[PDB]
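Take a look at the structure set out below.
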Amino acid sequence: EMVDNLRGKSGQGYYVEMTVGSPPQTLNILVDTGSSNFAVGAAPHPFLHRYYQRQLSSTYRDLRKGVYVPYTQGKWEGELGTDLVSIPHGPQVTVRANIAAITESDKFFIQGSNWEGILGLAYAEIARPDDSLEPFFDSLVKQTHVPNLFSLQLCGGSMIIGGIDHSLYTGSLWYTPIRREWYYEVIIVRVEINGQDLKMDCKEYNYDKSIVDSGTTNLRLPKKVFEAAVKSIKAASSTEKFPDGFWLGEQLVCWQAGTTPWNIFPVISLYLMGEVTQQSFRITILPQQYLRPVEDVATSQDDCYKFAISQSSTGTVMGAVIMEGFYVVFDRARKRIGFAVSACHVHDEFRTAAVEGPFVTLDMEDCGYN
Ligand SMILES: CCCOc1cc(C(=O)N[C@@H](Cc2ccccc2)[C@H](O)CN[C@@H](C)C(=O)NC2CCCCC2)cc(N2C=CCC2=O)c1
């Protein structure tokens, strides 16, 4: 009953239906593994179809404390409280959870996204105001019999709470350790483009950190890695030349509908640390993943895309365009993240996104930045 309980797209977010308060108020909530605050619009906003009305809830409790949360994109401020929360198409439980009632925001809510709040699924260590504010999933596990694990299949899609759904993936699940429990932090040990090693000290791939983040759209790479990746992708696709603004993820590239030259763009392989010493596995990303379709009726004589790999100063972010096509298991109980090929895959007749291994490495360097 949890299958297909997500709607949305990489550019605007994937969301699940939830209820808050007594009696239940229904809201669509973006699923975000890149933060740890549960927050909902709680006052009118031009882009909100509905919002949390605290005065209508008999179970609302004000915590008499404000909270401010800045993201890479957008920020909001609100008032902390607790109330009853349920997930109509998830586990049939009700939990009392912390909720930030958003009273002001900037560039956070997205016009037409159809969601009104955000569910931070990461760990308390990055919750605001601080780690004393128990995140929703922690409350869910404490208050119910739900196993300490969830999985995401972003396509709509599915959030499976408390378990793994075999119908949602094919082949084997490969696991990489969660290096530290704050973000879902992982370690990348190698990057290839078209099979060619970027040939970089592997700490560079994780400079600062690397995280798995359903709330970010792009694959975001540390500047040094980003520049090297663009150089390699340019070289592979050199039979066509694009403006610098395309590679900067600013402007669209368009082709006559149906004629997108997928074959001239390379596959990207990200090798993740395995659960055994010096062992790794790789996930492979097709251009159908990293060239993000931009729907616009005005341009619809063409298919147009944005380059969805971009620069970061805060480490690697494996965003939604990376997670799409994979089934991703956030195995909190065992401190690991699993990857498998998703049942909803976009591969043409020549290449297929993959999760595969094992691979071994001779260089004993720890790739974590620290
Ligand atoms: C759903 C996709 C929306 O599009 C987007 C969204 C974001 C973005 O900032 N997403 C937020 C949530 C959001 C969801 C929806 C709207 C706004 C924010 C997510 O939490 C980001 N996670 C990490 C990186 C983070 O910044 N954590 C915070 C640390 C401090 C404490 C609070 C958590 C970046 C983005 N970017 C920016 C550059 C390239 C890219 O893809 C495109």
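All residue names refer to the structure tokens as shown: chains lettered A, B, ... in order, residues numbered from 1 in each chain, ligands numbered from 1 in order.
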Residues near range 332-342 of chain A, cut-off 7 Å, only C-alpha atoms, skip fewer than 6 positions along chain, as a count of residues only: 18
Please extract the residues at most 7 Å from ligand 1, counting only C-alpha atoms and all ligand atoms, and provide them as a ChimeraX atom specification, using the chain letters and residue numbers of this document. /A:10-14,30,32,34-36,69-74,108-110,118,126-128,213,215-220,310,317,319
Same residues, N, CA and C atoms, output as a short mmCIF file (atom, residue, chain, number, x, y, z; two decimals), in the first residue's frame:
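Output file out.cif follows:
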data_model
loop_
_atom_site.label_atom_id
_atom_site.label_comp_id
_atom_site.auth_asym_id
_atom_site.auth_seq_id
_atom_site.Cartn_x
_atom_site.Cartn_y
_atom_site.Cartn_z
N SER A 10 12.47 15.69 -10.24
CA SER A 10 13.76 16.08 -9.68
C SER A 10 13.91 17.59 -9.53
N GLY A 11 13.33 18.33 -10.47
CA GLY A 11 13.48 19.78 -10.45
C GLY A 11 12.67 20.47 -9.36
N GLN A 12 11.57 19.87 -8.95
CA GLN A 12 10.69 20.52 -7.97
C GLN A 12 10.49 19.72 -6.69
N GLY A 13 10.97 18.48 -6.67
CA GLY A 13 10.89 17.68 -5.46
C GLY A 13 9.88 16.55 -5.51
N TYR A 14 10.16 15.50 -4.76
CA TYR A 14 9.23 14.39 -4.60
C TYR A 14 8.53 14.51 -3.25
N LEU A 30 7.48 17.31 1.03
CA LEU A 30 8.65 16.90 0.25
C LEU A 30 9.56 16.00 1.08
N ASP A 32 13.01 14.70 2.05
CA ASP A 32 14.34 15.29 1.97
C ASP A 32 15.36 14.57 2.86
N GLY A 34 18.34 15.19 2.83
CA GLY A 34 19.43 16.13 3.02
C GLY A 34 19.24 17.14 4.15
N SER A 35 18.22 16.95 4.97
CA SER A 35 18.00 17.79 6.14
C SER A 35 17.27 16.99 7.21
N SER A 36 17.03 17.60 8.36
CA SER A 36 16.48 16.84 9.49
C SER A 36 15.35 17.55 10.22
N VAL A 69 15.98 27.93 9.27
CA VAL A 69 16.68 26.91 8.50
C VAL A 69 17.04 27.42 7.11
N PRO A 70 18.35 27.51 6.83
CA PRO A 70 18.88 27.85 5.51
C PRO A 70 19.29 26.60 4.73
N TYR A 71 18.83 26.51 3.48
CA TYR A 71 19.25 25.44 2.58
C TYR A 71 20.19 26.00 1.53
N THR A 72 20.71 25.13 0.67
CA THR A 72 21.48 25.61 -0.47
C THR A 72 20.57 26.52 -1.28
N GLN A 73 19.33 26.07 -1.47
CA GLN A 73 18.31 26.85 -2.14
C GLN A 73 17.17 27.13 -1.16
N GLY A 74 16.90 28.40 -0.92
CA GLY A 74 15.79 28.78 -0.05
C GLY A 74 16.12 28.80 1.44
N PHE A 108 11.89 29.47 -0.96
CA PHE A 108 11.75 28.09 -0.51
C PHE A 108 10.60 27.39 -1.23
N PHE A 109 9.38 27.88 -1.03
CA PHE A 109 8.22 27.28 -1.69
C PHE A 109 8.31 27.51 -3.20
N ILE A 110 7.89 26.50 -3.96
CA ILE A 110 8.01 26.53 -5.42
C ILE A 110 6.64 26.53 -6.07
N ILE A 118 8.11 20.07 4.26
CA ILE A 118 9.31 19.29 3.99
C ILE A 118 9.58 18.33 5.15
N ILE A 126 22.22 17.46 12.43
CA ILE A 126 22.08 18.64 11.59
C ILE A 126 20.72 19.33 11.71
N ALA A 127 19.92 18.91 12.68
CA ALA A 127 18.65 19.58 12.95
C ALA A 127 18.91 20.97 13.53
N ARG A 128 18.02 21.91 13.22
CA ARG A 128 18.04 23.23 13.83
C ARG A 128 16.86 23.33 14.79
N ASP A 213 21.17 12.95 -1.10
CA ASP A 213 20.25 14.04 -0.80
C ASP A 213 19.08 14.11 -1.78
N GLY A 215 16.55 15.84 -1.56
CA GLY A 215 16.00 17.19 -1.62
C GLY A 215 16.76 18.15 -2.52
N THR A 216 17.89 17.71 -3.05
CA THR A 216 18.67 18.50 -4.01
C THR A 216 18.47 17.91 -5.40
N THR A 217 18.39 18.76 -6.42
CA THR A 217 18.14 18.26 -7.76
C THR A 217 19.37 17.62 -8.40
N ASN A 218 20.47 18.37 -8.42
CA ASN A 218 21.62 18.01 -9.25
C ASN A 218 22.56 17.02 -8.58
N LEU A 219 23.42 16.42 -9.38
CA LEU A 219 24.69 15.93 -8.88
C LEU A 219 25.59 17.14 -8.71
N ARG A 220 25.94 17.45 -7.47
CA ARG A 220 26.82 18.58 -7.20
C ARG A 220 28.20 18.06 -6.81
N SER A 310 26.62 20.21 -11.34
CA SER A 310 27.04 21.56 -11.01
C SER A 310 28.01 21.62 -9.85
N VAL A 317 27.10 16.35 -3.55
CA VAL A 317 25.71 16.05 -3.23
C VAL A 317 25.15 15.15 -4.32
N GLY A 319 22.21 14.12 -5.69
CA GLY A 319 20.85 14.60 -5.64
C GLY A 319 19.88 13.70 -6.38
#
To test your reading of the structure, identify every residue in range 155-295 of chain A that backbone DSSP assigns to strand (DSSP E or B), and report it as a ChimeraX atom specification. /A:157-161,169-177,181,184-185,188-193,196-197,210-212,219-222,253-256,268-273,279-285,291-293
Select, from A:357, A:129, A:243, A:112, the residue with the minimum atom-to-atom distance to residue 66 in chain A, counting only C-alpha atoms. A:129
Using only C-alpha atoms, pick whichever of A:29, A:194, A:203, A:41 has the shortest atom-to-atom distance to residue 120 in chain A. A:29
Hey, what's within 10 Å of residue 191 in chain A if we count only C-alpha atoms and toss same-chain stuff fewer than 6 positions away? As a ChimeraX atom specification, please? /A:197-200,202,205,225,229,268-272,282,284
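Candidate residues A:68, A:60, A:183, A:47 were compared for distance to residue 121 in chain A, and the nearest is A:183, using only C-alpha atoms.
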